[PDB]
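Quick note: numbers below take in every heavy atom, side chains included, and nothing from hydrogens, waters or symmetry partners. Lettering follows sequence order; numbering is per chain, from 1.
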Amino acid sequence: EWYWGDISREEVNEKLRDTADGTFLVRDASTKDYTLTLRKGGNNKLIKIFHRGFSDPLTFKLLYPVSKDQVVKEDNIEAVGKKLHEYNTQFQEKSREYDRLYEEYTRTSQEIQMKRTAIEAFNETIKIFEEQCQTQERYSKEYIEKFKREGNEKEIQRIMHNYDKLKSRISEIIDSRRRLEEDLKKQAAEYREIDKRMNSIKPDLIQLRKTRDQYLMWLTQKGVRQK
Amino acid sequence: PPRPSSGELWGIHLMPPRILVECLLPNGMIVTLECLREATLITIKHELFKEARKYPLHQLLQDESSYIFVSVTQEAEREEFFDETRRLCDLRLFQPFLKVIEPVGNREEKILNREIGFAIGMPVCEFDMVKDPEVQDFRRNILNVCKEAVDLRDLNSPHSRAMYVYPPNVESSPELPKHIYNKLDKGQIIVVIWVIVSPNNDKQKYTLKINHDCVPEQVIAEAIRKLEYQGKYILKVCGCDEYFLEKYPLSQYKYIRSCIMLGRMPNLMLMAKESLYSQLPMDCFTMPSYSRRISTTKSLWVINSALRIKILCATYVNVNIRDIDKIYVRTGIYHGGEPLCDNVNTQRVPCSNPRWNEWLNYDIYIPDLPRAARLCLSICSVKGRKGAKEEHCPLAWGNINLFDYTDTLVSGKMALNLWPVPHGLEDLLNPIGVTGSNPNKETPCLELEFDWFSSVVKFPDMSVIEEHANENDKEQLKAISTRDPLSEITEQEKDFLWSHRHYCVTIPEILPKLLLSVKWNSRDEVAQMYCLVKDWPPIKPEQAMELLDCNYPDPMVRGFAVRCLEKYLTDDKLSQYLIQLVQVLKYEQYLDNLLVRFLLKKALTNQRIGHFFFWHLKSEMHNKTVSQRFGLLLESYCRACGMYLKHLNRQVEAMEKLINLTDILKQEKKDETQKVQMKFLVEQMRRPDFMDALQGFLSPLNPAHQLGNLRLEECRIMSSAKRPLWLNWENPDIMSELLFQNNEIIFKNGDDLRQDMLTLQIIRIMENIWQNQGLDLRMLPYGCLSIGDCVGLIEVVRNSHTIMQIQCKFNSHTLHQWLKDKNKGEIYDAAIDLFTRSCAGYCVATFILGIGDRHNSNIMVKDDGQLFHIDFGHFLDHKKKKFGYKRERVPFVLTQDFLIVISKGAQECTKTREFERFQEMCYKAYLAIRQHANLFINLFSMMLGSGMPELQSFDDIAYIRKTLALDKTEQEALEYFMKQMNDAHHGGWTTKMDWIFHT
Ligand SMILES: Cc1nc(NC(=O)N2CCC[C@H]2C(N)=O)sc1-c1ccnc(C(C)(C)C(F)(F)F)c1
């Protein structure tokens, strides 16, 4: 049965979402008498049914109809209510788990970006320090030659001591970069695992909400009506 | 890239008092120098060159003055430090090292590029790297806007310079609402004009009784009386940097309008024109180097074939192989949020092997593709484990423009880096999302192949497009034109609107509905729509704004909207809707468009606009979806804003110090007590680098507010979990005692303030509608500004306390007794009236918007009785997903405590004449917003791509359609509001007559 009563345009959109051409359902007008919604070219077409159909004189293709699958399979209100409580409990727990997973996903994605920027800064720093070695080498050669021929042993040792200081600093910066690259490699793997966990929880969270909402709708239907 | 943190070194928030700095001399020597953390580069350089004499090859060193330092910053940039007055702790160094070099290249250009890079949070040199010709074309072409604005600023100097820096803060119309004009004594205002008499700067008081519509010059003329003089002076608001430089009626100036309204005395200050004119620096713009560099066919309508796209492979996906069955590529061809044909999927393939090599054929003829056509795609997962039931979920999405910025149809091979799926988005495709590849290349990369037609295919020229090539209905068109932007439009109405398209011109405001009636997948209908748009009469700016949202992607349609804004949008309204106008830039297909040119021009011709334009763009620089676009835009703004760049850099650096200080408290010092944290706070704040940066700058909440010296004894870390900083500065204005002496701001690092910013803006717009209709419902839309990723500023409302604070100082009468004690005798009635009026405004606004539930800690009351809400946090149907109930909540339920105040302590509160009057205020406020429903729906629609989780689709906006009962009659809508109030308060809400709604 394609007739769906007092359901909103947004409820129809959810029911016609990603459906094939020809999918339809007739509902009460959003306040005006009945609205026919037809799926055509990836869009939901609204066709009014005037009463006094939609032609010039009211002489009172639609292939697949959205019918009113029973997700709820219980006899009484007590069993339905007990099941709604179970599904709502699982839903709130899974929603809280997903929120926690999303915060860790964001934190990991942000820290990955910080580490990537720091690696580029390490690369630029190492270059500068290597350029410094090269500068020391270009100048040192002519002066080392002179002090050796002159006989100043302590002076060549001073030039050598400073060059050793420069090389040990370069080695320390290189090792700091290597350690950062390792932490990034391990965090990039942690990210993929968090993305995987979230890709598994998302479909299950959506199905759980839909079932909860269905049991809520059943309880509303069976309970005392009018407002 | 942007700085990882706001720390003084990588992995170190603060440098210790003394630090070893590795200094790299130009002779190849390395000197380790122990430096004080706050030491300037001139000091460090002098200390280094003295020490360098004790090292070999010192003879190769030129004079100390011949060199500057260079180092790697936390942005991975090699920065040359030309400004040697800067402190070591403020250099944003990656590591404690400095390299000694001789200054080379264009010094002036390098200095300005550094200043721009600092303001924007990214080095400008990163833009020169970018290979995309659209990017390089934007950087060059936008400079015409920069040039146009700067010339227009120096055109009538110094008045035009004064009008730029200090624009008139005026209302959109000089017309006075009834209740406001009646507050005047026969259309006359009593104003106090102050004069700073030199040489001892004494304050002289002059009380003037003049007409409200008296232009500033006329106000001066009267001050003289109580010839030569009238023209040599200017008026300024006492206590702030707001000036009356334009010939507007005095009452049209917001400060004066607000003074009449509040029954307050306007305190103005008269000063000489030259005293301000001299202080204005002559702004100079210079053409950048990139504007002087050597850079680096068939029609669509003749291509006789249907649309087809090949999906090759994806590098990878992050899925648990045991949880998902298959993966596939979902695609769609969109014009805005509307598909132009049915979505097409590839075949399902294993999770471990993302390879399709499939041509997807689309139900669209290539010549029928509109100009704004886009390919929207995603990699989806499918889980089919229960019955025949399947769960489809997106893994990563990406969108591309089918035509580039030069009107070229996409061809050949293309690699697209996909984006993570936004939190809460369950739709398989993301058509509202930005276009282009993810700059992060460590993401799934989808390989695509577009068709080749033995040449370059170009969208037809406008001349080609203008090919021509061919009583009760009047009431129906008037009815359709008055409906809300999200109201249902039937196919019969679409056909009806398209049939009467030439007559639609008589009712110009029908254009948005007519554009949705067009078949965008037909070149015959679009060409006809284009001819109508060209000659379409201009619509109101508030109506034109709708044509800038994600539903109207057509460049001609968007072009029409911009022209209406250029001609009719006032600076007042542009400042009011700036948040929305910055956001709709994200929907633009290209970097260069008419909207970006219009906004940049306005930002560069009015500093009030420029200030918020800069901060709204800056606040999103962390977001990679808009980072490049906003960075390029901010660069062009900073290059031409003149002297304001220096004021903005002072705000940026003060904010960075606050981010760093709060990061320390929230990270390293998290487990320490409030007492220990407070000791660290006072000590750190007293350092010269902190005192220099946090004193003497402009408030980012209001640039007319000067932040002088800090009142450290009033600064504190608040008890909340995110460690908010309560800050207090002196107002250094010479007449601060007449406005406020203390400027108090809460700095919060940790919460997303974007939703609160939007709610506070909506509240301000509602209050303005109410005032302009004779409804004095006083709201308190306090200042709130997001300055970055979950970081922002909140304006403190002084002399206000939460309900809980009042109660803890109880029974249902405590609140009323408290107000009685604060407002004794003859001022009591005014307090009750203000509480009642403010209650009514908050009751209606919160019900319409569906904000987070009110309680004693998020409701505040001022000493004078003004009630207001704080911490909005949530809005719209935020409880729908969580509990699945279909209801419109009443977040602000007026409990007995509120009813006792309104009724002045009466036994039966709801039976009073006070409550009847309160109800009437609510009813009138509600209907006034309902009448302006289009504006609010449009404001929310312009925010859909903002990334706020509670505003993701047009279906989220549907909530306001329900609270405003837009599908019902005005009478039914009022009955609905009353029923909602009666259900929430358990009766008490009445009206006059049920059948016709006549008293
Ligand atoms: C507009 C405003 N005005 C205030 N004023 C006072 O708190 N006062 C003013 C008097 C003393 C003090 C008090 N009541 O104790 S608090 C406030 C406010 C607005 C919005 N959010 C907040 C917080 C605390 C949730 C945030 F975001 F900062 F963390 C505060």
Give a yes or no on whether the backbone of [Y] and the side-chain of [X] come within a donor-acceptor separation of less than 3.5 Å.
{"X": "B:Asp572", "Y": "B:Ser172", "value": "yes"}
{"X": "B:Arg889", "Y": "B:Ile851", "value": "yes"}
{"X": "B:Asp751", "Y": "B:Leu753", "value": "no"}
{"X": "B:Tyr782", "Y": "B:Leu760", "value": "no"}
{"X": "B:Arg917", "Y": "B:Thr836", "value": "no"}
{"X": "B:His985", "Y": "B:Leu894", "value": "yes"}
{"X": "B:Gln866", "Y": "B:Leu834", "value": "no"}
{"X": "B:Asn858", "Y": "B:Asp853", "value": "yes"}
{"X": "B:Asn823", "Y": "B:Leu819", "value": "yes"}
{"X": "B:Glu242", "Y": "B:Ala704", "value": "no"}

Next on the checklist: Between B:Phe936 and B:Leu964, is there a side-chain heavy-atom distance shorter than 4.5 Å?
Outcome noted: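 Side chain of B:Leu964 against side chain of B:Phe936, heavy atoms only: no contact under 4.5 Å found.
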Ring centre gap for [X] and [Y] strictly below 6.0 Å:
{"X": "B:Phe892", "Y": "B:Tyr842", "result": "no"}
{"X": "B:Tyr959", "Y": "B:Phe940", "result": "no"}
{"X": "B:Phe918", "Y": "B:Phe915", "result": "yes"}

Could you give the distance from [atom1] ([X]) to [atom2] ([Y]), rounded to the nearest 0.5 Å?
{"X": "B:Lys748", "Y": "B:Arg723", "atom1": "NZ", "atom2": "CZ", "result": "12.5 Å"}
{"X": "B:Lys979", "Y": "B:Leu974", "atom1": "NZ", "atom2": "CG", "result": "14.5 Å"}
{"X": "B:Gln896", "Y": "B:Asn811", "atom1": "CD", "atom2": "CG", "result": "10.5 Å"}

Looking at [X], I want to see if its [atom1] is surrounded by more than 12 non-hydrogen atoms of other residues, nucleotides or ligands under 6.0 Å.
{"X": "B:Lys666", "atom1": "NZ", "answer": "yes"}
{"X": "B:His855", "atom1": "NE2", "answer": "yes"}
{"X": "B:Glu826", "atom1": "CD", "answer": "no"}
{"X": "B:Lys809", "atom1": "NZ", "answer": "yes"}
{"X": "B:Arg798", "atom1": "CZ", "answer": "yes"}

Item to check | Member of B:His874, B:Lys881, B:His878 meeting the side-chain hydrogen bond (donor to acceptor under 3.5 Å, both in side chains) criterion with B:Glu950 | outcome: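 That would be B:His874; it is the only one of B:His874, B:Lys881, B:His878 passing the side-chain hydrogen bond (donor to acceptor under 3.5 Å, both in side chains) with B:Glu950.
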Checklist entry - Can you name the closest pair of heavy atoms from B:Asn267 and B:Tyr255 and give their distance? => result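 Answer, listing the atom of B:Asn267 first, then B:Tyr255: N-OH, 2.8 Å.
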Item to check | Salt bridge present between B:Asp956 and B:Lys880 (N-O < 4.0 angstrom) | outcome: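 A salt bridge is absent here (no side-chain N lies under 4.0 Å from a carboxylate O).
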Next on the checklist: Suppose we screen for side chain to side chain contact (heavy atoms under 4.5 Å, CB included). Which residues come up paired with B:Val682, at least two apart in sequence or across chains?
Outcome noted: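 B:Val682 satisfies side chain to side chain contact (heavy atoms under 4.5 Å, CB included) with B:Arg686 once adjacent residues are dropped.
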Next on the checklist: Run the side chain to side chain contact (heavy atoms under 4.5 Å, CB included) test against B:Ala925 and tell me which residues pass, sequence neighbours left out.
Outcome noted: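 Result, side chain to side chain contact (heavy atoms under 4.5 Å, CB included) vs B:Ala925: B:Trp770, B:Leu775, B:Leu777, B:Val844.
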Item to check | All side chain to side chain donor-acceptor pair (under 3.5 Å) counterparts of B:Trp729, not counting sequence neighbours | outcome: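 With neighbours one apart ignored, the set is empty.
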Next on the checklist: In terms of relative ring orientation, are B:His212 and B:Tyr181 parallel, tilted or perpendicular, with 30° and 60° separating the classes?
Outcome noted: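 The arrangement is perpendicular - the two ring planes meet at more than 60°.
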